[PDB]
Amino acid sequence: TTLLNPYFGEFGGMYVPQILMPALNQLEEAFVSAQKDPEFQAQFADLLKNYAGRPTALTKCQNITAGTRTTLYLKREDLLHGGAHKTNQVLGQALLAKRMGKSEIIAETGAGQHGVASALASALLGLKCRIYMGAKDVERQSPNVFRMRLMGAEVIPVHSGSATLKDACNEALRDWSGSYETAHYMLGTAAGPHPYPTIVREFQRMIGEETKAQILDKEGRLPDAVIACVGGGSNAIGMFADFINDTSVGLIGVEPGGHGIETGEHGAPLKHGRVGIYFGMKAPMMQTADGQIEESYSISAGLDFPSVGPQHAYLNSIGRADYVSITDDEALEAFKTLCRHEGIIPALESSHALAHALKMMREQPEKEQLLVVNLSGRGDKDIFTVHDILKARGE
């Protein structure tokens, strides 16, 4: 029994060991109560404004659309405290944790932005924070490891499986199944068991709300499409949510194509996997013929995940949102292009969304279109990775 629907069509649910169901029901109740509590909403709003820096800018690109009929705006979640959108919903979940009498926080992280967010919120609000991170990601997103530890978080490298995000997720959940009495699992994406896909959407939906207000102010109309990268799905559902009932607005989610879908080395289960049950949810996943979960791949740690949040699988199924993929090389070119022509260094995750917008423009340059890309994070964490690549290519 739940207060809210755990499913989005066929997708979602609460596929966790029985031991964790009371924790999930407690969290759901706490969320529903908080959502109608004016004091909770005021505290959350105050942190978002005065601590995190909301609202974030909506930046019109000045150069990269030259000679085309595309107008491109960037929603600047890269300017949020911590450097990514992940900070929004962590502030909300941390307040929920306090509301529920929890003193510790467990989090998983891939790009380390959710890890950084979990650590900074725990430091601010007086919680003891431990973060699981795949050992491969500890290396390729190292600046965030340093940032997490300087803020007093325990960072635990995960060497099992692919040593990336799915393996951090596994260990976080294993931990919680034993520590839920005192620890809140601050899941960092719009995936996992109910109520997390719902909570994460509601605590990220100010992205799209602000975007709508800002684009109406600057252009006097809604966008033709909003475009966001999709790992687990939080920045995209945060951008999409307030536009779902605006049927004229395209919702475009961009999964990582890795080395190419045909290589099998990608992270695009929504469009190239099939439905399975894993990480507490029924959702599209990369899996073997036998039903073993496949390891994903992306140049971007934040998108290196073999499943996807259930609300995206649903929005796809009914045709409300469209999902595409972008390869490592396409993302790298978008990264370089934004750096050199707009003076913004984007996260490699966000670069996948930008790459697809650039394709929409370049493929049809006389098509009139007003586009918004969710620039979900800044690229400081990626600069050493990207430089090393742009040295094995000359450059």
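Take the two forms, superpose them, and find the largest set of C-alpha atoms that agree within 1.5 Å; that set is the rigid core. Start at 1 and count along the sequence shown; that's the residue number.
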In terms of RMS C-alpha distance in 4 other deposited structures of this protein following rigid core superposition, 101-109 and 195-203 differ, and the farther one is 101-109
Aligning on the core, I want to see which stretch wanders more in 4 other deposited structures of this protein. Is it 222-230 or 286-294 by C-alpha RMS?
286-294
Please compare 267-275 with 248-256 and name the stretch with the higher mean C-alpha B-factor in the deposited structure.
267-275
With respect to the recorded C-alpha B factors, which stretch has the higher mean value, 217-225 or 134-142?
134-142
Of the residues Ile237, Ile261, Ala283, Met151, the one whose Cα carries the largest B-factor in the deposited record is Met151
Which of these has the highest Cα B-factor in the record: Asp78, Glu209, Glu181, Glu202?
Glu181
For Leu315, the third of its chain by CA B-factor is the lowest
Place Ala111 in the lowest, middle or highest third of its chain's C-alpha B-factors, as listed in the PDB entry.
middle
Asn374: C-alpha B-factor third of its chain, per the entry, is the lowest
The third of the chain into which the C-alpha temperature factor of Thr87 falls is the lowest
Is the Cα B-factor recorded for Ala34 in the lowest, middle or highest third of its chain?
highest
